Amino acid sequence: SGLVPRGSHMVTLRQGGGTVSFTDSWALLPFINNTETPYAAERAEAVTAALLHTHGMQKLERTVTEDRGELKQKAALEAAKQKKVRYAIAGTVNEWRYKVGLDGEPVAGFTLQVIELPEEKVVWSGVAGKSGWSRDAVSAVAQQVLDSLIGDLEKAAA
């Protein structure tokens, strides 16, 4: 035996006033990497950018690549202020790994904050995570989790 359940959780919260618009001006900051997996922040950012475009966010300021990235993210927030973007997405990778034990479980987790600029007010935030089955890649579990979060942001954007 061995009991190895799989699971996924997501919590999101909307604050502020009226709707936030995906047609407004957006920035996607560098992710902070809170895992032992090198380059998880960069892969999380690439997956997130592609999902945002898919969901219809065309005007998305991004930061070319190149340490957990706290300073890069702070500096990118300042760059978004100077570019006069309305909303910045600040993301942290909480988990990104292929746990091997009795079987294989890819895990991925993220926390996302949407910050309205210039006032630096959080208008939405979300936390989600998922563990998969042995045949799933970590990248597919991460894409699912970020798809749920962005799908929720779009709905909660009202």
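The first residue of the shown sequence is 1; numbering continues from there.
Visitor: Please say, as none, 1 to 3, 4 to 9, or 10 or more, how many residues of the deposited sequence are without coordinates in the interval between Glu66 and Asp67.
Guide: The entry has a long gap there, with 10 or more residues left out between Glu66 and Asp67.
Visitor: Look up the CA B-factors in the entry and say which stretch, 122-130 or 95-103, has the higher mean.
Guide: Higher mean C-alpha B-factor: 95-103.
Visitor: Return whichever of 140-148 and 16-24 has the greater mean Cα B factor according to the PDB record.
Guide: Higher mean C-alpha B-factor in the PDB entry: 16-24.
Visitor: Using only the C-alpha B-factors in the record, can you name which of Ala44, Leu60, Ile89, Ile32 has the highest?
Guide: Going by the entry's C-alpha B-factors, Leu60 comes out highest.
Visitor: Ranking the modelled residues of this chain by C-alpha B-factor as given in the entry, is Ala49 in the lowest, middle or highest third?
Guide: Its C-alpha B-factor, which the entry lists for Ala49, ranks in the middle third among residues of this chain.
Visitor: Sorting the chain's CA B-factors, does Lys74 end up in the lowest, middle or highest third?
Guide: Within its chain, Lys74 is a lowest-third residue by C-alpha B-factor, going by the deposited values.
Visitor: Sort the modelled residues of this chain by their C-alpha B factor and say whether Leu153 lands in the lowest, middle or highest third.
Guide: Lowest third.
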